[PDB]
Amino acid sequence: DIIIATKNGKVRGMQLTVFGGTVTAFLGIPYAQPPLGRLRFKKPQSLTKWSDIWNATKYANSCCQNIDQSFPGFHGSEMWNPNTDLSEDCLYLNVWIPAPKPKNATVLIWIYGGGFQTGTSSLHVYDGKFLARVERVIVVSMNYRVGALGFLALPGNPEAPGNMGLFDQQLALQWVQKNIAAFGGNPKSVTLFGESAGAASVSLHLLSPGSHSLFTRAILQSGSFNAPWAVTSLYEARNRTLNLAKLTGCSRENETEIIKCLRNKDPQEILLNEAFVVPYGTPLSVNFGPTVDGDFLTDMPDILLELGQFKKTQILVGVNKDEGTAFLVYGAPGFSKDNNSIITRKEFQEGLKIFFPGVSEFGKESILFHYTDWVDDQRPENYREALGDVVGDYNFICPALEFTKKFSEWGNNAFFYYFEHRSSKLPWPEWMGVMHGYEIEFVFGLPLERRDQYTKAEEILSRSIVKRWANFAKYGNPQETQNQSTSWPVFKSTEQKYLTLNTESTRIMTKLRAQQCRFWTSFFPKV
């Protein structure tokens, strides 16, 4: 009933009833020629004009990916698996615009995480219709190729240059540039936001010169490119794809002939060998991920960060209180989502070997040293809580803090939050705490659905969070001005102030996990 004319053709949307109002969803618009046939592994190719009206009325195909199978029938895990047909034909995106059509609204662009191996924009917790409704921003999300099909790399070779998933992202950003005006959006006020691997994607779009002109601002949720899992080395990248070449019988001398050999293999056989390529995998392993390809990424990101080579603008950055616990039940011994996983000193030690496999015996002892100095002896949760902190502090909280320090050191406004509210609809047990990934729903305004059994404190917090994100998007400043909400101070290198987000106190604190992270960011990286 509502048709928006785009630069490639007409598209018919769909009308949703949201909170006594209306949002217009355009679900499943393609933003690239499908990366099939000879196009597999190659950069996303431009999409040529269509003559008809494309029907963007259902989510499109999710890109190929392995599914999480460790808890069949358990919502806490299955809520993250694709809710849409897998297919190599998956370069599509979604647009939620407020009804009535705005004049030119801030656009929020969501980039999902999932280790760069999994994920889809279709997910229930990435629904932008609440944001379009409640704050009159336009929400855009895109599907981008993951795992090997998105990030397999023989650096140099254009048949598989690496970073194709990032280029998918970027070409969707280009689409919002050429097209969001027709939807009533302002291409000049575009805020990227994403979570974990999506957050690290957003941070890399700050470094990549071809994205500098495609967005204004950046929100980084539980992830940043300087995290240990974010970049696979050029050594690792090559050893990873050769392992894949052996395991599919495509081992050749000629590099390009390897590639087209892996191009007549089917998505299923490629998907199934991807898991075995990681020499010693961990719950945190990125089988096939971002590389310094020389195209999207011209140098090693930690040097671009260290010497100020990034887009100058405001960042909103933050992490959750128990980032690390989700991964503990994917391999660590003595752990379980179904009991309270009290572990002993020897199970903890065995857990370090599982999360730090190729790390020195003395390196692992150093982790044990800094994290086993209890305030007190007999508290049996000590080892269980410690291994969660170790994995959280090392993988998320401290790369994020370090990213924000170094990024603020170049004069730009930065805001750090510490999300510490555990969802009352949280399917995982309570020892797991304020888990990785479970701020997302608050950011998207789901607790504003009074029908969805969230408590009223939750609805309030999500409303405040949603106002802070929209104000950051619109005005570069994540305050809630109207109600008497705590002012959110900018994060500066000396004082390192951050805002805590929760049901009760919105309090201002300083120097989060400071002692833990002098360890990780300045002693451990040497072992």
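If you superpose the two forms and keep the largest set of C-alpha atoms that fall within 1.5 Å, you have the rigid core. One-based numbering along the sequence shown.
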{"property": "In 9 other deposited structures of this protein, rigid core aligned: more displaced of 411 to 419 and 280 to 288 by C-alpha RMS", "result": "280 to 288"}
{"property": "Core-fitted comparison in 9 other deposited structures of this protein, 271 to 279 vs 175 to 183, farther C-alphas", "result": "271 to 279"}
{"property": "Other entries lacking residue 377, at least a third", "result": "yes"}
{"property": "Greater mean Cα temperature factor according to the PDB record, 376 to 384 or 309 to 317", "result": "376 to 384"}
{"property": "Selected stretch [higher average CA B-factor]: 239 to 247 or 192 to 200", "result": "239 to 247"}
{"property": "Selection by C-alpha B-factor (highest) of 463, 58, 474, 497", "result": "58"}
{"property": "Residue of maximum C-alpha B factor among 111, 435, 342, 218, per deposited coordinates", "result": "342"}
{"property": "For residue 49, the third of its chain into which the C-alpha B factor falls", "result": "highest"}
{"property": "Assigned third (lowest, middle, highest) for the C-alpha B factor of residue 470", "result": "lowest"}
{"property": "Within-chain third of residue 487 by Cα B-factor, per the entry", "result": "middle"}
{"property": "Within-chain third of residue 36 by Cα B-factor, per the entry", "result": "middle"}
{"property": "Residue 452 CA temperature factor, ranked by third within the chain", "result": "highest"}
